[PDB]
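Here the structure comes first, spelled out in structure tokens, and everything after it is commentary.
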Amino acid sequence: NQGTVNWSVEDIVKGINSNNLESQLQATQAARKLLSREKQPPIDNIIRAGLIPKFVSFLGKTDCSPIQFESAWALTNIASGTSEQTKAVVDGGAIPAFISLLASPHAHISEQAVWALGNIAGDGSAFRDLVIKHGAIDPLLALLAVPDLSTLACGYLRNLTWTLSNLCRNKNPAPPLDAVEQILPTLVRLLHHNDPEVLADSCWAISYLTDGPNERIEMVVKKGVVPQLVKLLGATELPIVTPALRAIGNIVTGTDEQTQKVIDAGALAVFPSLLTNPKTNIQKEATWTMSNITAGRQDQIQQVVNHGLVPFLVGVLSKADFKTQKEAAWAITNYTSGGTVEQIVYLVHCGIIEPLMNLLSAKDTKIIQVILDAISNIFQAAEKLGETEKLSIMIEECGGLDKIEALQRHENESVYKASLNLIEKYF
Amino acid sequence: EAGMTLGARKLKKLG
């Protein structure tokens, strides 16, 4: 369809205001092609011409599916811009109209609806909730109520997974509980599909739903997804591992019972890889996740010890991107506050002291507190064995006492107080 | 067919 390439807004306007369905169809397409263009589409001008309500109106024209499609795509691309732009689409009454198109017998039109609502719900909490109130969930889910997901078109299914992922998304407030209960079974099903794009976005959805209080985490863990998450944590595709790791990391911010499910599912065996992973953010989120495990019970710290992960933490503490080192410190401090003397001794035999001391050269004043708190905890463990002195010497060897003395004169008070305490108490 | 959404809030439909 070559006539519609590169119109002006005023010509699009001329076309849409004729009482000629077909002229309106060409104009709309020309408008879509403007908004489809790669470089700075004139979203704000289309809005300013007053075209949205006309577009929305075109969504309702069952008798002329091509105009439905084109208005869909046009609106979809307006709703894909800024919040103001999405708002203009919502203010035209697009939501109920797009929901109405979900049952459309033309798959390509149904799919556009799905995409539009995706963009609308993705703006934030309010519009997400508004899409839900308008009743989008029953029709979205009905489009996936089939025996085998594999019969659906590749793109259609990716689109639906992505849109559902946006209905699970954002966090102030979290999505209505009943809407999450309604979505999860289908979501769980998608999380076992073999298309990596579907898996990524399922994992994102799960990561969003687990980003919150323990009750939210529980409704996800209840559905038995932890084993499948752990499996996905081992995928080759980074866009799957990334969200899978986030979900696991979220889940272990919850109760120790909830953490245990991930340990039971085999998670810890993947961490040697993750804690060494070349993508810096994976390494960061892996170490973060470790810290919320070392924050747990002693039998859970043992599982960390038995999987040979303490040396990996010593490793990350010794050399990693700084933000990861920071989580490494936390993971050690958590370990050290909740551990047994035997577990804290092991930590030192794995060589934690030297690299822990090297991080007191850091300019970040919060890390120094974490580290210093760890030291105290470790002394507290040597004080119960009579080997406080051996540790003191050990901290001399690597030049740690040198650094602690200089931190006795740090500006932050919580610092220089913890410093002073240590020097006098053990040196 | 590739096309990873990454975690994107909004998706523009290209021509």
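Please note: Cβ atoms are built from the backbone with ideal geometry, for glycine as well, and neighbour counts cover all protein chains shown. No value in this document is a laboratory result; all are computed from the given coordinates.
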Estimated inter-spin distance, A:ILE393 and A:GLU38, nm [label 7 Å along Cα→Cβ]: 6.9
Fewest-first sequence of A:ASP402, A:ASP373 by Cβ atoms within 10 Å of each Cβ: A:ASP402, A:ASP373
Inter-label distance for A:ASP91 and A:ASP299, nm, one decimal - labels placed 7 Å from Cα along Cα-to-Cβ: 5.9
FRET efficiency, 1/(1 + (r/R0)^6) with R0 35 Å, evaluated for A:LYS222 and A:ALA107 via beta carbons: 0.55
At q = 0.09, 0.10, 0.11 Å⁻¹, base-10 log of I(q)/I(0) for the protein assembly as shown (Debye sum, equal scatterers on each alpha carbon): -0.68, -0.77, -0.86
Residue pairs, from the table A:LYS222/A:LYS279; A:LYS319/A:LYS384; A:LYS223/A:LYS279; A:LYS14/A:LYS54, whose Cα atoms sit over 22 Å apart: A:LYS222/A:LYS279; A:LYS319/A:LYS384; A:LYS223/A:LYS279
Peptide-level mean, for A:86-94, of C-beta atoms on other protein chains within 10 Å: 0
Per-residue Cβ neighbour rank within 10 angstrom, fewest leading, A:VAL305, A:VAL198: A:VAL305, A:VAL198
Low-density loop cleavage sites - chymotrypsin sites (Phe, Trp or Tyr not before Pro) in segment A:134-205, where at most 12 other Cβ are within 10 Å (DSSP): none
Trypsin sites (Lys or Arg not before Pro) restricted to DSSP loop in segment A:268-297 with at most 16 other C-beta within 10 Å: A:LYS279, A:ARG297
Fewest-first ranking of A:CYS64, A:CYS168, A:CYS203, using other Cβ atoms within 10 Å as the exposure measure: A:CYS64, A:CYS168, A:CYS203
Chain A: angle of helix A:256-265 to the longest principal axis, Cα-based, in degrees nearest 10: 80
Shielding by other protein chains, A:120-127, mean Cβ within 10 Å: 1
Relative contact order for segment A:129-215, counting Cα pairs under 8 Å that sit 6 or more residues apart, in percent: 35
Selection from A:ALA113, A:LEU140, A:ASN159 lying farthest towards where the dipole of the protein assembly as shown points positive, charges on Cβ: A:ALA113
